[PDB]
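First structure 1, then structure 2: two forms of the same chain, each alone, as structure tokens.
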Structure 1
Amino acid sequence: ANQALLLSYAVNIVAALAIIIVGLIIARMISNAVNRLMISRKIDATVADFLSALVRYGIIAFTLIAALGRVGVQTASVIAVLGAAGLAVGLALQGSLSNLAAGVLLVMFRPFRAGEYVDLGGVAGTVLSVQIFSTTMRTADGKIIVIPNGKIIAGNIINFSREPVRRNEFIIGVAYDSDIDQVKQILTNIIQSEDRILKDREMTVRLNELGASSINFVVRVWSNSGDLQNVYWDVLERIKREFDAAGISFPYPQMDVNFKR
């Protein structure tokens, strides 16, 4: 009938029972509070139940191994296996968390905004919204593309509508017999007659290369980002009309045939 060690053992076992009971009731309270909060807002039944079950099971495991440790059973192996499971689930959630962090960065720094034409890794379209995990944009064709934010933060972000002024690049191919001065002066007159082409920017009309069947002139003109395509179409049509009127010919693929026998 020991009085010191037996009393210590009784204190330990009563403390372990109190620990497990308090852990059970605290897990119940936490689960009830989480269920109340998930009821207070929009949530999915299956995911909410899975999350509450995982939280409750985690708390129950914590209090059970705490009670075992208070009793005197070593729980280092259980802690190691729990750490392994936590590392596995962290590696599993690495992709989702990286997308979330990238979305936070995109919201903060604002590389692009809603209604702003962009090019995120080869796909281009008007941005509609930037969610936490992925942005959604509508292409010029009309289809909706959802791009994860991690793949947006990684790689370049071309922004077409950030700069108010953009440049067109015409590549006109005329025959070798065509007069260089006449071609240059016709193209210069066409560029000057246009009103939506900015005159304070560079207006290049130069002979760019000597091709296989034609000499390729290059025309580079700057215009406001909203008139770029219309200017391109109008200038191309006027180039064709004036070249046809002036006798300048666009050559077909040339070929020299050395006839034998």
Structure 2
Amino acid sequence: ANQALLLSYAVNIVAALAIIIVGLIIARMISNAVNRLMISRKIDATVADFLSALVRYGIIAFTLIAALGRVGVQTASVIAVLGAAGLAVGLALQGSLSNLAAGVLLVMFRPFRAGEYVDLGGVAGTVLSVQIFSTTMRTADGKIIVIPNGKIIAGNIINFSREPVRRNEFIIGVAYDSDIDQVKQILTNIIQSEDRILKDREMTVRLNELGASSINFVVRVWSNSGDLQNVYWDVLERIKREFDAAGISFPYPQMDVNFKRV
């Protein structure tokens, strides 16, 4: 029969809903304004969206604390419950947040760009795109790999395609009776007739190891990154043909045998 307290309670509830509505409006407005202010200062779009989302959820948290205080919930209760909900959402989004930060770093510092062959922790292939949470790459034989950004940032990032020039390394092994000067002279002529091998870099042709069955010569020559494999195959076929023409042997595995007829 006494509606006056009921009127006060309904009025407090309507005031709580009005505070919620106005708080969502002001949160969206201040967050969009901070986002435009950051984009105008050339902050990265993902960092801008992240900081704007944090500002919007903070203003919404103040609005919730105010409205729930209007309905009689204490500030300590609302802070504890919003903290538990935030800890749950943070447990769900912890790894995704790590991948988001790693993706921002990969887009900012550019350890690798799309189209560059790389080697991210033992997998290797052409990069296709860095994305919000993971990087796609196509391996040499066409398989697609999707590496999460945090694993990429946490480890080494070998990059085959960054330097214009790269070095071949042949390991020719010839018979122990082969002349050393003739081998070095033939390998030197083979790498001096190769126009794609850079003459201003190193061009080693040195005996390198006395192996179990052969003396292993090493040849190290530099070439542009686009000519590396073709130079390898061409120098290899030329080595084979010229050694076969010159009489130098490539040994089969060797074994002395001390015969004992028991």
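Just so we're on the same page, rigid core means the largest C-alpha set that superposes within 1.5 Å between forms. Just so we're on the same page, residue numbers count up from 1 along structure 1's sequence.
Of the residues checked (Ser52, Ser213, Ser225, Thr204), the rigid-core alignment between structures 1 and 2 shows a Cα shift of at least 2 Å for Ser52 alone. After superposition on the rigid core, displacement of the C-alpha of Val235 between structures 1 and 2 stays below 2 Å. Once you line up the core between structures 1 and 2, the Cα of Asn12 ends up 2 Å or more from where it was.
When two forms of a protein are overlaid on their rigid core, residues whose CA moves 2 Å or more are considered shifted, and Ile25 is one of them between structures 1 and 2.
Superposing the rigid core and comparing between structures 1 and 2 gives a CA shift of 6.3 Å at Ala76. After superposing on the rigid core, the C-alpha of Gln94 is displaced by 2.1 Å between structures 1 and 2. The rigid core superposition between structures 1 and 2 gives a CA shift for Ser40 of 23.6 Å.
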